4 protein chains.
Amino acid sequence: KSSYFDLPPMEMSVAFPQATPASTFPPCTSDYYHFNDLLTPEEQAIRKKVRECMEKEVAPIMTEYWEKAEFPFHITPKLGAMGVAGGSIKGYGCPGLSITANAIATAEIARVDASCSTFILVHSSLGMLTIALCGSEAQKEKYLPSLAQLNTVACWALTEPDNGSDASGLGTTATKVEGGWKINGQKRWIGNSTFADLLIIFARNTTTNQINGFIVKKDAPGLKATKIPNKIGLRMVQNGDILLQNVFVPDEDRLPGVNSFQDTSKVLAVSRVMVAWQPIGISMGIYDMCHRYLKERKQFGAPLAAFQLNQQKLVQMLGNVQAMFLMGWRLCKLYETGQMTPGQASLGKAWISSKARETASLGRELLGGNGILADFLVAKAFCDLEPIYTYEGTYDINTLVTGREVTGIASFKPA
Amino acid sequence: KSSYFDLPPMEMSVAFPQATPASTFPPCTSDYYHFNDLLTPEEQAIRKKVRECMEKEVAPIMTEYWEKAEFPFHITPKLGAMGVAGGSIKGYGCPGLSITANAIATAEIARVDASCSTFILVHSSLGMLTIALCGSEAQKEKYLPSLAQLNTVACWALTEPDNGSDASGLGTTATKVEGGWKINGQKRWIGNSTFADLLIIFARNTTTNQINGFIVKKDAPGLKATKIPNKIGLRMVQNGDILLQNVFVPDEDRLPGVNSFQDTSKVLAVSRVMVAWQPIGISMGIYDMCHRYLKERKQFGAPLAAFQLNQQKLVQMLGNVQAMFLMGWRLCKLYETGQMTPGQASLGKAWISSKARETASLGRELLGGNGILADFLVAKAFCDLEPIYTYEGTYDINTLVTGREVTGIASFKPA
Amino acid sequence: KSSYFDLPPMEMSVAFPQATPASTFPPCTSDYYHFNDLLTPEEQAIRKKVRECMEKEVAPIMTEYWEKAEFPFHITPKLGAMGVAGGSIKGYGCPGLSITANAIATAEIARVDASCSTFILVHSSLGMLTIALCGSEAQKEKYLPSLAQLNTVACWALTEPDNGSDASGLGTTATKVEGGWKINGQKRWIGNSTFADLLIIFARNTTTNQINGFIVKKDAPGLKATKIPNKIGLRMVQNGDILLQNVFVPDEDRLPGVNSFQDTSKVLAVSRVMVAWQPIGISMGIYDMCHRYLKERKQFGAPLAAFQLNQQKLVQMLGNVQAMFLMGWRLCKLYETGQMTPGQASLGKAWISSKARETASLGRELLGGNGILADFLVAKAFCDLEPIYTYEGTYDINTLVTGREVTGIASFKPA
Amino acid sequence: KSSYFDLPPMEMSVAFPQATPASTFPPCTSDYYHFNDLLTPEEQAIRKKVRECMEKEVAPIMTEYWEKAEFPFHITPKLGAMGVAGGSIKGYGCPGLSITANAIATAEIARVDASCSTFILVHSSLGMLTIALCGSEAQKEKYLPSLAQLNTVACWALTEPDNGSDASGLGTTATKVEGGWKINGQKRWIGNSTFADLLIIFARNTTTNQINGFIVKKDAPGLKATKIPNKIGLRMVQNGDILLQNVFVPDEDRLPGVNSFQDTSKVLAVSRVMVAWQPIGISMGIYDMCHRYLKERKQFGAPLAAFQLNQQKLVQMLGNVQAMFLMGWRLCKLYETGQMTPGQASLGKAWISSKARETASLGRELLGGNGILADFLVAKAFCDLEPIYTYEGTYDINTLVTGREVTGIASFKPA
Ligand SMILES: Cc1cc2nc3c(=O)[nH]c(=O)nc-3n(C[C@H](O)[C@H](O)[C@H](O)COP(=O)(O)OP(=O)(O)OC[C@H]3O[C@@H](n4cnc5c(N)ncnc54)[C@H](O)[C@@H]3O)c2cc1C
Ligand SMILES: Cc1cc2nc3c(=O)[nH]c(=O)nc-3n(C[C@H](O)[C@H](O)[C@H](O)COP(=O)(O)OP(=O)(O)OC[C@H]3O[C@@H](n4cnc5c(N)ncnc54)[C@H](O)[C@@H]3O)c2cc1C
Ligand SMILES: Cc1cc2nc3c(=O)[nH]c(=O)nc-3n(C[C@H](O)[C@H](O)[C@H](O)COP(=O)(O)OP(=O)(O)OC[C@H]3O[C@@H](n4cnc5c(N)ncnc54)[C@H](O)[C@@H]3O)c2cc1C
Ligand SMILES: Cc1cc2nc3c(=O)[nH]c(=O)nc-3n(C[C@H](O)[C@H](O)[C@H](O)COP(=O)(O)OP(=O)(O)OC[C@H]3O[C@@H](n4cnc5c(N)ncnc54)[C@H](O)[C@@H]3O)c2cc1C
């Protein structure tokens, strides 16, 4: 309670004149090993298209929305014009991009805002891909064209409160009834669920006692998806607690390609390739910001980029970025050549996100105080990395997928 | 848009039944090296006292205020009843506690909530202490009785946009006028500055060319303090941008004991010990949460505590924590005996600060998904640590303070 | 072949004039937090006495011996004059030191040479202590006084080719025979064993199927112990493969206090406190050496200590040292007060080990090329830490000992 | 003294029968991202030839030689027959391999023995290359053919006691006299120098004040090279202190293409790509050995590979190896494409080197006790990695080479 307590925050141009905030997004200086050499002409055109659009459309508004933990619904039709949704799905009204074209688009979104990327990743590299790989021809033709336009939104429900890392032992049931299925259970952390038109729900078929997948609809009687508050990262992403009580799904809406967790495993493997590319994008952005910031901000009568400790940290981030990118690039190519094991994807995601965590640490301390401000990207990025390091399998779970594959010995279960 | 988009969040007890959230604070398990042995009877009594008060009064409401970036004003008299504000200042209405007493109280506050400790710390171990050291006996008798009971609040303005790490090159001017002084300049990041009744403004005396100190008042004409938004950590702390335009301050509100920057470094050495104790407590709280969570939460039919990977992470935290306490404790003992150099104070704050960053990182990934949720503390703590790692000297600035002392060569300025 | 190939190496004063080799041992600048304040006047006396002797007697010759992987037998009587061997054993011709005194001398020995410390450690803290804690009055008086003078050397044989980390399941058998026992099996890695007078051999008593302990004598029929070659660290220590072929040990030389692994486990805990002081010692040595080296060595027109990067590495070391020391210190008091658990000793030894590794790594790179020369200590110290990080239980085994204790759930056995 | 003290060590098959030592070299499992996909068929063939030669000829003999710190001269005609010496030099009796061809060759040599690698690299990528890039046709035709056959050995002398990192400022002098030059000064750390036939000595022309390069011959009047003893890594490489007192060098032996430091600095960037590949090779070997050791060695009734903690380490190493290779591979393509900058070569060398250090650290602790024995490779490579992390420019110096380039500000010089 003062004369000034109620007053609107001081404008950034007056509050910190020395540096530019992320509204005017930093230029790409993280690309140090000339990555366009590794990209097809079509892939280069997508990279710059996604980037120009994210910097113009999303960067100026992301700070507000991230702070309020609100989703920028108005940005959806643009993201659908970007032709990103539907990744590498061929036909059914999808763009039919290369896995690498999709991967670099993923990074180019994540570079600017990780929530938008997660939004699309969950919608497209999980939601749509599960329909593409596991759906009927009828389902694909019915559901994908619109999903690709972003006229409808998908989400992907696997995780439960009782079942997170231990996904194959999920407890959401699916009971065969007359004319379809009856779904019962509870799902947790499902991004988009609070407004998704389509909800791919993984439920245990109670006849076969194996895991099946079902396309649930928005507003189905017995369905309730509600917002998870107080997240420190991915604040624009709407993560849902879902309740299903005798939610009905007709025969035609069961995914025929999901007959046990082995198929969910096959989806997650391809999905982990796309998730790997999020930390790559984020790291690229953090460096870009850090690079500009350090050159702009002056202390002790010199740019902050003049000091040894600041340079060592800047180059450490820079090396991490080149390696991560190449790491993610190889992964894509392994997939394309049809020779990719789940262990290779797990390691891709585990390793990359670990080095990204490291990179965000350094990038965060490099901006000093402003490094904790959403305004300057890094804080946002630093916070957004944490759940990414957790989802699509934790670091520990992913390294054990690889460890099992590389050694021949499962090491998940307790003594 | 949905029939359930607007609905309130699911109750945590139904949302995630397995683990209990921070609103019911975890028991102390972090204290593995029986630290009460290093505490005197009245030092123990205070540890107990603040602990209970923080768990009962602050824990149940800290989630929602932190999320909304609001200060919990209703909580301030309860903190004033604890008799911790005023620190080690003898007399003048203050508690006259030992340095070690002040330190674990700083830790036990930070254990539950870092924002609250920061508020107290800038108020008591910066605001009140500069009055207690650099003040006249008059300034002591007038402001200190009210500041100790928390009936009035203090802040401490050194940092500004152009001068943060280079505090010595402070730009804010102080022209001499009859009756007193006019303050012209700008400050930034100042904790409590939006509602502080007293604002200790550091400004350059244009007559002597040196930095001085001025107790400016709330609602002084020309003075505007405005909240800094979009912080990722220390969200309840009201850090401000301060505009000073011809701000009048009479002869009696100037601090007679600060005629040079040298005087501010004298104070900053003592504060850097209290600040060193923030990460200690925060890290204790993190281990405390983690210990209980890993025992409650089951995965693959076992508690999360049963897994090698988790036990290692938890044990690394434990070790870190013991070492951090011992480090801070010796830092108090060096102060108590009048042999503490600034380098010693800096090493402590740097080292402890760093190991906390490491501890929080481990703690955060130990909780999986829920580790990003403020409701479970470790997410709050993980974020709160970043600012703490940065302010009162960055890790780098502090290390080069020690570096200069121990090699005789200053390495702050560039080539 | 060359006209200079066979010529002796260049003298250090000529080959590298700028910096002093370890032969003139550096002054103690690692003690930054004034550690004598935590020691009794007796504890201070020993620290000093043990340093004076290590610097004068061992430093000038330790390089030549560490390179040839040889033990300096002539050094033995000088070590037994220090009054170290025996440790905390009360009576029976032992010095009856405090636990902290025995801990400090270990650090001061390890500070100059780690091999020398490991010699004394295996001898006094493992070998002699086993006779104190599990021996009978008869054999305590028979063997201990000679051991404390170092007129005779002891070793401690637990590890086997098949049982290192899994010591509880050892396979060396001890067959009850008229008038004593017959020992059969192999031991690996036993320090001093190639010249030890007393070999404490742990073997499975074939009547009870539990581990027992036996005092075996040098040159006993069926005993042969050979050096382990090609060691990168602790190269002065004579580690042996012991082959035991029907070795006769009479009823009088069976330790009546060892009746299962629980007794040998009781011993390891007290020993791990002393081992924990070794990396403390070594890290002090590395710092002391680096500090002097960065002031003497000059590059780009200034002392290496002038550079931001070097100063930070040095300060990081300095921070670790102070924390490691306090950690070892607190651990001693825990033991002195009868409140030490095995899990507390395991934490000390795990954490301090890990911190030393970090320190040595930093310390090694700081000296550039000379950082890989035994002459300049760091290289020797750096290598020596590696087996210390492994023996007395690996970092992982010790982590899980603490792990099991704090969680109450064992996590050693596989999935 | 003992009846068994002078006996030879126990043969490994009886000492530790559970695991196979490096003398029988492990199969390649570190190639997890199918690296041959990124190599030309010529490059795959070279990779194959070198690997089979190193495993057959060097692995069975390396342990004894590394421990004695002696060079295996008898291996020279084999290494010569591999067709590596000469690297990418086209013509003049050299094999004219591609850049990646020489890179993978480097790695495969280093994979088995780092000393052998450094031997060839200093001879080929420094000695021979300096003549190719900076020699006259007359001296290229005269010296290279025999050098490519290893019938003569070259070395490359830049460093001196007073100039290591600051190489630009060396004090070795070249005075113009009738018929040629007289070289005066001292050199340190020069590999192959005790037996090298040709010695490329860099010395400051006294007329022009710039660094020049001179082909000095073995046993030249005034030349004395002596072995630097007591190294902990690359123990097989013969590094020298070189003494030059009025060493005469004829006009025809002055490299006419070396006129200032920027000529030698241009060579350093090309050879720095090759050095980068040394860590890549070594890490692969470390992984390869670990993989096999962890499957073979049983403890607690399971392979060491069965335990979470061990799998995590193993997978972290594997992640690193993939990233390092891709990193090294990309660097080669940047050079092949003619677009490499010093900063990029510096970044590669710095980053890859640091990752290899982390890897060696993990691989070392994964083998327990035996991880300190040269017999099981890991120990040797761990140690070998330290000089590699230091030479060809340090981590600090290399990072600052990139820092200067990306930021535009040099930060080598002190305040
Ligand atoms: C932002 C966000 C979005 C998400 N979106 C979706 C979504 O769209 N769809 C969906 O289905 N799910 C989603 N999830 C859930 C996500 O997949 C889970 O957070 C994660 O996969 C499971 O972890 P958990 O939260 O259950 O924690 P837990 O599984 O309890 O793990 C806690 C800790 O224990 C460790 N651990 C667990 N098991 C072992 C083991 N066997 N050995 C060693 N260590 C172990 C883990 O590494 C982790 O550190 C989302 C989560 C987040 C945070
Ligand atoms: C939550 C919060 C609360 C705060 N509260 C207060 C307060 O109450 N009172 C107050 O006065 N201030 C306060 N501050 C400001 C804080 O003290 C400053 O952030 C910090 O001391 C100076 O950093 P800066 O933000 O100016 O960034 P900079 O000073 O520009 O530093 C940016 C980076 O450059 C590095 N760097 C700077 N100088 C050098 C150098 N010479 N050599 C090598 N590296 C260098 C730093 O390590 C840092 O990584 C607060 C800040 C935060 C985030
Ligand atoms: C220099 C030196 C001196 C020694 N002196 C003595 C002596 O005097 N007396 C004596 O009795 N012994 C001695 N030893 C033996 C030493 O105590 C053992 O090396 C150690 O206790 C067991 O290691 P190991 O060599 O058998 O390796 P292993 O037990 O094979 O372990 C290999 C790796 O696997 C990991 N690992 C093992 N078990 C598990 C598990 N359950 N879960 C997860 N990870 C696991 C370990 O952490 C380690 O990294 C000495 C060793 C050295 C190196
Ligand atoms: C096995 C081995 C083989 C070698 N072979 C050869 C050879 O064949 N030919 C040859 O010419 N040389 C050779 N060298 C020398 C090698 O290139 C040098 O050791 C290296 O360039 C660094 O020199 P230095 O050892 O004097 O380190 P120093 O220059 O003494 O540096 C010591 C420390 O100070 C730091 N430092 C130095 N300058 C700065 C700065 N400006 N800013 C921040 N930090 C700084 C460094 O990072 C390092 O940690 C060899 C060295 C080794 C170990």
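Chain D is numbered as in Swiss-Prot; shown residues: 17-431, in order.
Heads up, header says this was done by X-ray crystallography, 2.7 Å.
Every residue gets a Cβ built from N, Cα and C, even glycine.
In Swiss-Prot this protein carries:
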BINDING   D:172-175, D:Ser181, D:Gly207, D:313-315, D:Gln324, D:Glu381, D:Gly385, D:410-412, D:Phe428  FAD binding site
BINDING   D:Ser181, D:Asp182, D:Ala183, D:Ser184, D:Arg288, D:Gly409  acyl-CoA binding site
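Swiss-Prot feature annotations superimposed on the structure.
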| residue | record | Cβ contacts under 8 Å, 6 or more apart |
| --- | --- | --- |
| D:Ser181 | FAD binding site | D:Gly409, D:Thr410, D:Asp412, D:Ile413 |
| D:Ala183 | acyl-CoA binding site | D:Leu174, D:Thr175, D:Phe277, D:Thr280 |
| D:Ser184 | acyl-CoA binding site | D:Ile227, D:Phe277, D:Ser281 |
| D:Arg288 | acyl-CoA binding site | D:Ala361, D:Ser362, D:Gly364, D:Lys365, D:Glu408, D:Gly409, D:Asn414 |
| D:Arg313 | FAD binding site | D:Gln34, D:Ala35, D:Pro319, D:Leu320 |
| D:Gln315 | FAD binding site | none |
| D:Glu381 | FAD binding site | D:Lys329, D:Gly387 |
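Among the binding-site residues D:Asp182, D:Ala183, D:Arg288, D:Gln315, the ones whose Cβ sits under 6 Å from an atom of ligand 3 are, in sequence order, D:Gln315.
With a threshold of 8 Å between Cβ atoms, the binding-site residues D:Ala183, D:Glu381, D:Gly409 that neighbour chain C are D:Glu381.
According to its DSSP assignment, D:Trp172 (FAD binding site) is in a strand. Cβ neighbour count for D:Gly409 (acyl-CoA binding site): 23 (other Cβ atoms within 10 Å of its Cβ, all protein chains included). Among the binding-site residues listed (D:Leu174, D:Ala183, D:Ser184, D:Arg313, D:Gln315, D:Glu381), D:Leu174 have a CB atom closer than 6 Å to some atom of ligand 4, in sequence order. Around D:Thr410 (FAD binding site), a 10 Å sphere centred on its CB holds 22 further CB atoms from the protein chains shown.
Counting only the Cα atoms, the space from D:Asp182 (acyl-CoA binding site) to D:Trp172 (FAD binding site) is about 17 angstrom. It is D:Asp182, among the binding-site residues D:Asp182, D:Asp412, whose Cβ has the fewest other Cβ atoms within 10 Å in the structure shown. When other Cβ atoms within 10 Å of the Cβ of D:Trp172 (FAD binding site) are tallied across all protein chains shown, the result is 29. Every protein chain shown contributes to the tally, and the Cβ of D:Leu174 (FAD binding site) ends up with 23 other Cβ atoms within 10 Å. The secondary structure of D:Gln315 (FAD binding site), as reduced to three states from DSSP, is extended strand. D:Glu381 (FAD binding site) carries a helical DSSP state (H, G or I). Residues D:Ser181, D:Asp182, D:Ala183, D:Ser184, D:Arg288, D:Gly409 are recorded as binding acyl-CoA; their most distant pair of Cα atoms lies 17 Å apart.
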